[PDB]
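Here's what the structure looks like:
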């Protein structure tokens, strides 16, 4: 009859099943297909994409989560579960013979005003503090599960993002190189000041370590060229096979003698090296590597100030590549070459270690999420305490603002703030604590003159200072969460008809 009742109802099942996924404590359900692939995980962004949705209307509720993946990159789970409760609480409002036009205007007014009230609650931090920046760093790493070296590697990431803070305060995911290698444990991580390279010498006869060397870039393979039009050759004189062989080497020998006289010890050519050219480079003692990534001549020259070279004939002094300190040492396994730039450092490298190839890849992703959240605090210099400390105080703040809005429709803006208790309640279900018993004491600590930083403790259940335990997050995670939930629900509550579109996936 109501039609809309079934539409919003389909969205609750998608949000209810993924309601206990917040945090590491909580079971997970599987949706095995006809074939078979029992694969589960606590991640939320994965189970949603890998799900067979029934009705097409449910896709609009999860489409907003895809935008937060690139913008904020964290807290997407908390953004969709809060919107589901708003639809449930809205059921009682619609039963009061109230038209959606009066309810849609209440959320926009409360959401627009809530963004201005949450600014006077957040704290103020500096763009270079370490005592406070180290706590948030461990929060975005401990979520995985590793604990043997959760604090040691944290400082390595804090000291890395601090040496690449430009004047404007932006971050570029390019100058910060990444290196991983399976080791004996995760505690084997070590910081690096220069840039490394995995490409090794093509042969052992070439020099090993050369102190104070001048790098040289090249992009030109040693092969025979061919034209577009057809042009074949014919040879019917085997007596001239051992004659031209002496002249062909002269053309290649002179080409190898140019890079040696230009003023360079090592070499890094993009394209591969010919089998016959390896003997020429090893004869003179010039380090070289075959088949180098095309994305190396651009980032290396940008960090060291070199210049890409396409033709070997031309190579003056300015065309050479500078270097700071070259060295080739071991790392408890395979050796690697180092290319530092102490005279003008402009890049940072990280050597992540693990016990298995599957662990080193997970530790790397933890840094991608850590280098992104730290930038949100440097560009804004504002953070908020976790543990539902922002919603418990914000929920009671709009109570005074709702009183100003006279009329009978005031019951709508109040219901929107009451739905903000899903975070402190969801964390209590898996913990095994009655929400009705703990949600009453939290208000006492935030009565009026109380500290706005107080919150809950998922590790013990008590209530202490969040900053003392190390639980803080940027304010943008809370703004985008409530903002998307207030705007995304509009497409679900404003519906009032059925679309007869033919063939809609």
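Numbering (the authors' numbering), first residue to last: 18 to 522.
Even for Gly, the Cβ is constructed at its ideal location relative to N, Cα and C.
When C-alpha distances from residue 147 are compared across 180, 130 and 119, the shortest belongs to 180.
In the three-state scheme derived from DSSP, where H, G and I count as helix and E and B as strand, residue 261 is classed as coil. Closest in alpha carbon position to residue 42, among 276, 27, 472 and 162, is 162. Partner residues in the beta bridge of residue 471, as assigned by DSSP, are 482.
CA-to-CA, the gap between residue 219 and residue 81 works out to about 50 angstroms. Taking a 10 Å sphere around the C-beta of residue 491, we find 16 or more other C-beta atoms and assign the residue as buried. Short of 7 angstroms from the beta carbon of residue 481, and not among the five residues preceding or following it, lie these beta carbons of its own chain, in chain order: 474. Per the DSSP secondary-structure output, residue 371 pairs in a beta bridge with 199. Cα atoms of residue 345 and residue 352: separation of roughly 7 angstroms, rounded to the nearest angstrom. The beta carbon of residue 78 sits closer than 6 angstroms to those of 28, all from its chain and outside the five residues before and after it, given in chain order. By alpha-carbon distance to residue 62, the top candidate from 52, 55 and 32 is 32.
Nearest to residue 105 by C-alpha distance, out of 30, 216 and 493, is 30. Using a Cβ-Cβ distance cut-off of 8 angstroms, the region 360–380 and the region 208–215 are in contact, since at least three pairs of beta carbons, one from each stretch, lie closer than that value. When DSSP states are grouped into helix, strand and coil, residue 246 belongs to the coil group.
For residue 168, same chain residues with a beta-carbon under 7 angstroms away, outside a window of 5 residues either side, are 155 in chain order.
Beta-carbon to beta-carbon, residue 488 and residue 400 are separated by about 11 angstroms, too far to satisfy the 8 angstroms threshold. The three-state secondary structure of residue 237, taken from DSSP, is coil. Residue 410: member of the alpha helix (DSSP H) spanning 406–421, first to last residue. Nearest Cα to residue 418 within the set 126, 85, 83 and 119: 126. Between the alpha carbons of residue 391 and residue 178 lies a gap of roughly 8 angstroms. Pairwise C-beta distances place the region 316–327 out of contact with the region 265–272, as fewer than three of them are shorter than 8 angstroms. In the three-state reduction of the DSSP assignment, residue 47 falls in the coil class. Boundaries of the beta strand (DSSP E) harbouring residue 491: 489–491, taken from the DSSP string. Within its own chain, the residues whose Cβ lies closer than 6 angstroms to the Cβ of residue 73, once the five positions on either side in sequence are excluded, are 521, listed in chain order. Here the alpha carbons of residue 376 and residue 200 stand approximately 10 angstroms from one another.
Put simply, of 223, 262, 288 and 206 the residue whose alpha carbon is nearest the alpha carbon of residue 240 is 288. Taking C-alpha positions only, residue 53 is separated from residue 47 by approximately 11 angstroms.
Going by C-alpha positions, residue 277 is about 30 angstroms away from residue 209. In the structure shown, residue 402 adopts extended strand secondary structure according to DSSP, grouped into three states.
For the pair residue 142 and residue 407, the CB atoms are not nearer than the 8 angstroms cut-off. Counting along the chain, residue 353 sits inside the beta strand (DSSP E) bounded by residues 353–357. Between the region 107–121 and the region 410–424, the count of C-beta pairs closer than 8 angstroms stays below three; the two stretches do not touch. Here residue 414 has 134 as same chain residues with Cβ atoms under 6 angstroms from its own Cβ, once five neighbours each way along the sequence are excluded. When the beta-carbon positions are compared, residue 505 and residue 100 come within less than 8 angstroms of each other. Taking 8 angstroms as the cut-off, the Cβ atoms of residue 262 and residue 388 do not count as close.
Nearest to residue 412 by alpha-carbon distance, out of 464, 517 and 355, is 464.
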